[PDB]
> 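Take a look at the following structure, please.
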Amino acid sequence: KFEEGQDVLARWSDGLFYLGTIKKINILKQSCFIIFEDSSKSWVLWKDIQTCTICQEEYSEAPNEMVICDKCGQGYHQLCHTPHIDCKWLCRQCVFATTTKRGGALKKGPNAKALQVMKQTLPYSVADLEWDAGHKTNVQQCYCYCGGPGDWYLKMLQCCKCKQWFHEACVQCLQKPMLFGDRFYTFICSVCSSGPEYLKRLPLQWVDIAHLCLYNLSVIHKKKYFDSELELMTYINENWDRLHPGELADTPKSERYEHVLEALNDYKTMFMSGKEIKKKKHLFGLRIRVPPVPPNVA
Amino acid sequence: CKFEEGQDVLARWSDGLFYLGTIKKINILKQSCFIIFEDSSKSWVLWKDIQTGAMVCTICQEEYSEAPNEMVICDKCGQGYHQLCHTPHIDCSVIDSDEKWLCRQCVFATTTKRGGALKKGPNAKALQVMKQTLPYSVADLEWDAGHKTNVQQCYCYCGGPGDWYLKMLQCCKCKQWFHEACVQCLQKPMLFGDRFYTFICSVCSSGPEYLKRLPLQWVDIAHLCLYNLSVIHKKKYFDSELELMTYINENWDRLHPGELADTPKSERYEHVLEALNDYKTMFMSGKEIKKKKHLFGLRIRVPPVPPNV
DNA sequence: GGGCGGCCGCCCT
DNA sequence: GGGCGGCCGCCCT
Ligand SMILES: [Zn+2]
Ligand SMILES: [Zn+2]
Ligand SMILES: [Zn+2]
Ligand SMILES: [Zn+2]
Ligand SMILES: [Zn+2]
Ligand SMILES: [Zn+2]
Ligand SMILES: [Zn+2]
Ligand SMILES: [Zn+2]
């Protein structure tokens, strides 16, 4: 049970836990209205609120022995933990806490290896998920290896096998920091791989680069129109390596703006010029703030 | 805005079809126009369903043209479109041919038709291609609780108005409703409120539509036909033999019930009459209100519930 | 931060 | 010498 005014750890839609205080409780919207340290406020599902630890029973069996984590010091039966403990040990939510982080989870060290193992087993059933038509969201708001909430159009990767979406912070295969709504990847999660993830960058067209970066600027700054040269092209150049342009990567910095501007002008159904609202014609924005769709998907 | 009173326009009705009409009133707040049609009938039509009319690109109103984004002229309405301005994009293959090209507007106009859109022909082939791309955003749609109506009144491949219970199919995937006139998978004209189908639209299938007829029980046959009679004639009670059974026999082929289809005409009334008397929850005899016993009506004027596949 | 009242100034046959 | 492409920037749907 929870109670108003209680200090808790709440998992956000980026897979990470944040310290907060329960202000309100909704009995079965199944959420708590939580204020965070930056005085930001939001509703959080109970499955994402953190107060045997899985069985509430004291008996240490054999070979179902009670194992105590060596960091948080909480106990787990060998067959109650997810995954099960056979044979220094850390539990799942301590493994995730010390490994998952913005930009991508840790790749090296004992904790990172413990994550790689435990990631292969989901804390939920794939059958109990109810997806929308485009397989972007599910009713349970249950995604990734962690089982937390998530927004597909932000920094998440969809597995091309199980079609589940996975947080940037929870994957360990990223060479560069993820861009918002970047779907130009072939990704296979650790569950489907039964081991380390597979990640391959799909080739980008100039219209893809323009769309993806305009989308990122739009998300970051919460605005629509951007100067094609001084804002958009600047962001593209500053993130050129992060973009993995593929075979377009050798394009001289002087020649990049030509192709980008051409894409902005040609694709009228995708990009709005400032001239349409009596502003600078070099100002461009997305008609609909939606991530670019790679050739394969929808 | 674009419109003024006395202007002759093409107005899209809730069947997905355009009709010739004249604007009598304009409502800025409702974004609609009061339109009189050729049958002198009058109704309010949303601006999104009004077609003004009947070398510059009609979409962006610019006149530049160069490969691989050239200006393509519609071989019917004569209007020009950039390859990347049209929805969907015009493939460069089109320009590399002697064959005609119609725009999305003209493609729909020449193919969509009462009882079901054209199945064969170059135009029919173009419809099945173009309608895989919606002219609207599904995310902008604000649906009601039962997912029957949205406040935008935007449905189907066409983006026009519609009544789900009046000749429309719901896709089992995207849950959007599609006009009878806009689909190319029907074998027979639809009955009102007939949801005994498994339908997958071209948008979800990325190709031809999928359609399978779900089986009807005798209670479903009576319910569906009672519902149709109630909607058409705007009343509740009908004569089981002279009115209901007459409708059922006249629409027996169009009903396509499945395993019960081979039932002899003379035998059908036996099972229909029993269904009316057995399903007390759905069917209401006239005796319950001190009227003739063989009069029957639906307690709730709603379509029958289709079975899970 | 973008919708629109406002008008600069190029350049029109 | 005036019509319109172009967009500044005021100020709050
Ligand atoms: Zn995660
Ligand atoms: Zn236990
Ligand atoms: Zn622990
Ligand atoms: Zn997977
Ligand atoms: Zn339609
Ligand atoms: Zn155009
Ligand atoms: Zn046309
Ligand atoms: Zn569909």
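Residue numbers start from 1 in every chain, and the chains themselves are labelled A, B, ... in the order their sequence lines are given, proteins ahead of strands.
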> If the condition is salt bridge (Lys or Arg N to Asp or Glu O under 4.0 Å), which residues does A:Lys224 pass it with, not counting sequence neighbours?
none

> Would you classify A:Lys281 as touching base, sugar-phosphate or nothing, given that sugar-phosphate means primed atoms plus P, OP1 and OP2, and contacts are heavy atoms under 4.0 Å?
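Sugar-phosphate, no base atom in range.
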
> Which residues in residues 222-232 of chain A have a heavy atom closer than 4.0 Å to any atom of DNA chain C?
A:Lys222, A:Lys223, A:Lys224, A:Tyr225

> By the salt bridge (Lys or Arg N to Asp or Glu O under 4.0 Å) test, which pairs, at least two apart or in different chains, include something from residues 46-67 of chain B?
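Every salt bridge (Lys or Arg N to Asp or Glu O under 4.0 Å) pair that includes a residue of residues 46-67 of chain B, provided the two are not neighbours, is A:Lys268-B:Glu62, A:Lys275-B:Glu62, B:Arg12-B:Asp49.
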
> For each nucleotide in nucleotides 4-13 of chain C, reading 5' to 3', give B when a protein heavy atom comes within less than 4.0 Å of its base, S when such contact involves only the sugar-phosphate, and - otherwise.
BBB-------

> Quick one: list whatever passes salt bridge (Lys or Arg N to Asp or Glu O under 4.0 Å) with A:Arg242, sequence neighbours left out.
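Partners of A:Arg242 by the salt bridge (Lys or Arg N to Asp or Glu O under 4.0 Å) criterion come out as none, since no residue qualifies.
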
> Considering just the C1'-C2'-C3'-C4' torsion, please state whether D:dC12 has a north or south sugar.
south

> Scan residues 280-298 of chain A for pairs that pass salt bridge (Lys or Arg N to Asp or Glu O under 4.0 Å), counting only residues two or more places apart or in two chains.
A:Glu276-A:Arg287

> Side chains of residues 254-266 of chain A: which donor-acceptor partners sit under 3.5 Å, not counting sequence neighbours?
unit_1, atom_1, unit_2, atom_2, d
A:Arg256, NE, A:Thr251, O, 2.9
A:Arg256, NH2, A:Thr251, O, 3.4
A:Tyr257, OH, A:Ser228, OG, 2.8

> Do any pairs count as a salt bridge (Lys or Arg N to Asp or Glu O under 4.0 Å) and have a residue in residues 129-142 of chain B, sequence neighbours left out, and if so which ones?
B:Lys131-B:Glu209

> Please output the side-chain donor-acceptor pairs of residues 101-110 of chain B that fall under 3.5 Å, not counting sequence neighbours, one pair per line with the distance.
unit_1, atom_1, unit_2, atom_2, d
B:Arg104, NH1, B:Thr87, O, 3.4
B:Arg104, NH1, B:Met130, O, 2.7
B:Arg104, NH1, B:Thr133, O, 3.2
B:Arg104, NH2, B:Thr133, O, 2.9
B:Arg104, NH2, B:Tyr157, O, 3.2
B:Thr110, OG1, B:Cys106, O, 3.0
B:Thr110, OG1, B:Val107, O, 3.2

> To the nearest Å, give me how far apart NZ (A:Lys275) and P (C:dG3) are.
16 Å

> Is the positively charged end of B:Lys148 above the ring of B:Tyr165, judged by distance under 6.0 angstrom from the centroid and angle within 45° of the axis?
no

